[PDB]
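Student: Got a structure for you, written out below as structure tokens; questions coming shortly.
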Amino acid sequence: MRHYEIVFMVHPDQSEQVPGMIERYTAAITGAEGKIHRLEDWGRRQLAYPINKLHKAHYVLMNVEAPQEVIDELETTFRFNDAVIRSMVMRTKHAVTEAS
Amino acid sequence: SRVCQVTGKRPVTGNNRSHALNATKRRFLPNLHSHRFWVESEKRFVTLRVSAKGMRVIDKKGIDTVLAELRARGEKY
Amino acid sequence: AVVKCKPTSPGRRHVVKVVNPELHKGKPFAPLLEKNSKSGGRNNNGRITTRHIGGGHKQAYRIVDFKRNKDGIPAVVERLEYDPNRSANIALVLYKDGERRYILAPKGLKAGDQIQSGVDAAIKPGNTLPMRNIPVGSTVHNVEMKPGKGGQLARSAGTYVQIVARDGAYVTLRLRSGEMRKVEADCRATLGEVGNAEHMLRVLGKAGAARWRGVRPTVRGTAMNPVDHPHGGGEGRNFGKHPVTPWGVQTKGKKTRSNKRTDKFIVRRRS
Amino acid sequence: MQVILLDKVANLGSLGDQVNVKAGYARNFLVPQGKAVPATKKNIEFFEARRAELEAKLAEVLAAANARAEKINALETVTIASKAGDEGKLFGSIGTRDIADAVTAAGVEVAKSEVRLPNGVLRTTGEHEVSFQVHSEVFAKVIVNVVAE
RNA sequence: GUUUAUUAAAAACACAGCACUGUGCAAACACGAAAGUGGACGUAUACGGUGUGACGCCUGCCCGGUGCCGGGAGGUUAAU
């Protein structure tokens, strides 16, 4: 299956929905037997440039090896969703470790 | 027709005398309106198509005075 | 597709048909069908109030749903049918509880695709859902004006509406003629563009494919005598007038937008 | 118009005065709601003893029943756990009716049109400071706390 | 194809195609003192109007005039 590194953001007034979003998203992965490897929730670190009037959004990183029909529909749940800002999905190459 | 219920007004005809006295028959229409009145004898809104002077009579005389006049001549409020 | 015909006879040399292999080759669903008497352009007074319509083939009306008021029920699109009344094709939707309706067909809607209405639906193309829940930017059609009115805007072939803003309890639209206009956000809309966008490429060939489509010949006002038209007269195609209607109103560049009741909802005008 | 009054109209109406209201204001608002009477030379004689001293507190016990009907509920809360969408975007907004049908069943027996809502018609699930109308001068607060299901 | 029945059947009219323009829908426009009907049980890939008249190669310069359109400062200006 494909490895992927999924960093995304959450607006900070809804940063208390974050373990609900993480737990739901990793369950929706787990239906596809997507072996989770990382869950490094970074917290609410200050942005560089002004994103969307209010800065300092919450980051999440989830880094799973999954198949394609779940990572696609998962990414559409990043799009059609008010909380998530500017999600991204990346390269495969053999994942899972404690690193920042 | 365009008959005000209260004052009995109806459009009266007459010339439209121009700047050089060319007569042309126009028709003076009355200022009607479909105003919705409240009657506390019936505790409900009786709607009357009236003039504006027929709202000035209801401004003086009561709504039961005017609906008493249509009680006299025997129309339908 | 787009079929350019072959000149077997003159008057075939300029035909292009739009041969759609998806559509149903059979008689339509009768419990949603009724008659439709043509007027010929005439009204209660019996006079041709709008000119140049008459004749044509018979065409029975299809009760096509627009309001999409089976709310919260799945729906299988069962076949595509040709509709005489519209530029776009209709789809025979089968709801789960054994009710059939017609809908307008969006672009990607093939047979067996599962659409559904309601507020609690996915953002799949074909679904009906209200405008405070449609994501801004996403392209809708079968747009309403008033909530529960049914659908007024973007309901012809290939015609869409981009939702552009969300102003409190409003939605600022970019209509197909390029006119930004506000609607109330509780109005339902149907996702995607409308199908059969190839209808722009039909070129009709000959006079008869106009005359059986309902059209009647439109006589230029120059060919008439001066009592008939405000143009007209002159021995040898004189014109010399500023071009107008048969009723003397200036045609060709003279705006007639005077409502003022519906100037609240307009933001931008057609440019 | 010179119109005598019944209610204390907030600007100028003061319980029995010759008030210059306008023609339409005397007619569409004060008459059918019954908060004032066009009195000119005849209802004043009806108004002096029969209506000034006797009937005034007979109206003002209804003004007492806003301090009483307001304070039927001293708990002053509403819990609405509607079914919320996929982490956000609630199913249906809450106008007058869900609050009225709950507070009627759990709280103050009040009608539908008194349900006032400053912060919209309750889209987003959470705490919502929701105030009510019982009198022109009396204003209540029953805090809605919308829960997600 | 149509056309002056009863002296003119044509090079005229119409046509498919092209353009300009108006119309956001209780549409413009039309018939109606009006209610209302047509437009259309259609909704800008739709509808009305005006010219030109398949197809091919093309459609130059002029906003002074007369329109239409945009502007809104300043002047002039009605009943009041």
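What follows draws every value from the coordinates through simple rules; no lab data is involved. Methodologically, a virtual Cβ is constructed for each residue, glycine included, from the backbone with ideal geometry; neighbour enumeration extends over all protein chains shown.
Student: Order these peptides, A:58-65, C:133-140, by their mean beta-carbon neighbour count within 10 angstrom, highest first. Walk me through the numbers on the way to the answer.
Tutor: Working: A:58-65: 20.1, C:133-140: 16.8.
Per-residue Cβ counts within 10 Å, averaged per peptide and sorted highest first, yield A:58-65, C:133-140.
Student: Using the Karplus curve 6.51 cos²θ - 1.76 cosθ + 1.60 with θ = phi - 60°, what ³J(HN,Hα) values do you get for each residue of segment C:245-253, in whole Hz, with x for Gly and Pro?
Tutor: The phi angles translate into 7, x, 10, x, 5, 3, 8, 6, x Hz.
Student: If you don't mind, there's one more thing I want to ask. Reachable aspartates and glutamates from B:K76, Cα under 18 Å, same-chain residues fewer than 8 places away excluded?
Tutor: Output for B:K76: B:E40, B:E42, B:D64.
Student: Across segment A:35-47, in residue order, what do the Karplus-derived ³J(HN,Hα) couplings come to in whole Hz, using 6.51 cos²θ - 1.76 cosθ + 1.60 with θ = phi - 60° and x for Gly and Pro?
Tutor: 5, 6, 10, 10, 9, 6, 5, 6, x, 10, 9, 6, 5
Student: Could you pull out the trypsin sites (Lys or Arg not before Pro) across segment D:26-108 that fall in loop regions by DSSP (anything but H, G, I, E, B) with no more than 11 other Cβ atoms inside 10 Å?
Tutor: In loop regions of segment D:26-108 (DSSP not H, G, I, E or B), the sparsely surrounded trypsin sites (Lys or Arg not before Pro) are D:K41, D:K42, D:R50, D:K83.
Student: Just flag the GluC sites (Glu not before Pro) in segment D:1-108 sitting in loop per DSSP whose Cβ has no more than 11 other Cβ atoms within 10 Å.
Tutor: D:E48, D:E53
Student: For the pairs B:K61/D:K112; C:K4/C:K58; B:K60/C:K260, note any where the Cα-Cα span goes beyond 31 Å.
Tutor: On the way: B:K61/D:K112 36 Å; C:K4/C:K58 26 Å; B:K60/C:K260 36 Å.
Pairs exceeding 31 Å: B:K61/D:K112; B:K60/C:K260.
Student: A 24 angstrom limit on the alpha carbon distance is what I want to check against. Which of A:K93/C:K124; C:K146/D:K89; C:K27/C:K70 exceed it?
Tutor: A:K93/C:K124; C:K27/C:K70
Student: Shifting gears a bit: Enter the mean number of other protein chain beta carbons within 10 Å of the beta carbon of each residue in D:88-95, as an integer.
Tutor: The shielding value for this peptide is 3.
Student: I would also like to ask the following. Evaluate E = 1/(1 + (r/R0)^6) for D:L54 and B:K76, where r is the Cβ-Cβ distance and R0 equals 30 Å; express this FRET efficiency to the nearest 0.05.
Tutor: Step by step, r from the Cβ atoms, then E = 0.15.
Student: Going by the alpha-carbon gyration tensor, a ≥ b ≥ c the square roots of its eigenvalues, is segment C:1-121 rounded (a/c under 1.5) or, if a/c is not under 1.5, prolate (a/b greater than b/c) versus oblate?
Tutor: oblate
Student: List the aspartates and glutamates whose Cα lies under 13 Å from the Cα of A:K56, skipping any in the same chain that are fewer than 8 positions away.
Tutor: Straight-distance partners of A:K56: A:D13.
Student: Which peptide among D:8-15, A:31-38 comes first, and what is the full order, when sorted by highest mean count of other Cβ atoms within 10 Å? Before the final figure, lay out each step's value.
Tutor: Values: D:8-15: 13.0, A:31-38: 14.8.
Descending mean neighbour count gives A:31-38, D:8-15.
Student: Still on this structure, I have one more. Rounded, prolate or oblate, given the Cα gyration tensor of segment C:1-57, with a/c below 1.5 counting as rounded?
Tutor: Oblate, since a/c reaches 1.5 and b/c is not below a/b.
Student: Still on this structure: Taking H as built 1.01 Å from N, whose amide H comes closer than 5 Å to the amide H of A:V64, not counting residues under 5 places away?
Tutor: Close amide H contacts, sequence-distant or interchain: A:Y4, A:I6.
Student: Okay, next question. What FRET efficiency, computed as 1/(1 + (r/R0)^6) with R0 = 56 Å and r the Cβ-Cβ distance, is obtained for A:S100 and C:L204, rounded to the nearest 0.05?
Tutor: The calculated FRET efficiency here is 0.25.
Student: Check B:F37: other-chain or 5+ apart residues with amide H under 5 Å from its amide H, H built from backbone geometry?
Tutor: Residues meeting the amide H criterion: B:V46, B:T47, B:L48.
Student: In addition: Which residue, C:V161, C:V215, C:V244, tops the fluctuation ranking in a GNM of chain C built on C-alpha contacts under 10 Å?
Tutor: Result: C:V244 has the largest fluctuation of those listed.
Student: From the backbone phi of segment C:118-128, what are the Karplus-calculated ³J(HN,Hα) couplings (6.51 cos²θ - 1.76 cosθ + 1.60, θ = phi - 60°) in whole Hz, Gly and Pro given as x?
Tutor: Running phi through 6.51 cos²θ - 1.76 cosθ + 1.60 with θ = phi - 60° gives x, 7, 9, 10, 7, 9, 4, x, x, 6, 9 Hz.
Student: Related question: Tally the DSSP beta bridges in chain D and give the antiparallel ones as a percent, rounded to 5.
Tutor: Taking every DSSP beta bridge within chain D, about 65 percent pair in antiparallel fashion.
Student: Report, as an integer, the average count of C-beta atoms from other chains found within 10 Å of each Cβ along A:18-24.
Tutor: 1
Student: Roughly how crowded by other chains is peptide C:113-120, in terms of the mean Cβ count from those chains within 10 Å of each of its Cβ atoms?
Tutor: Other-chain Cβ atoms within 10 Å of each residue's Cβ, averaged: 2.
Student: Shifting gears a bit: Using per-residue counts of other Cβ atoms within 10 Å, averaged over each peptide, order C:84-90, A:73-79, B:19-25 from highest down.
Tutor: Packing proxy ranking, top to bottom: C:84-90, A:73-79, B:19-25.
Student: A further question follows. Under a 10 Å cutoff between Cα atoms, tell me which one of C:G234, C:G26, C:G112 has the largest fluctuation in the Gaussian network model of chain C.
Tutor: Largest GNM mean-square fluctuation: C:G234.
Student: Could I have the simple spin-label model distance between C:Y170 and C:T256, label points 7 Å from Cα toward Cβ, reported in nm to one decimal?
Tutor: 2.7 nm
Student: Around C:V15, which amide H atoms from residues at least 5 apart in sequence, or from another chain, sit under 5 Å from its own amide H, with H modelled in the peptide plane?
Tutor: Correct list: C:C5.
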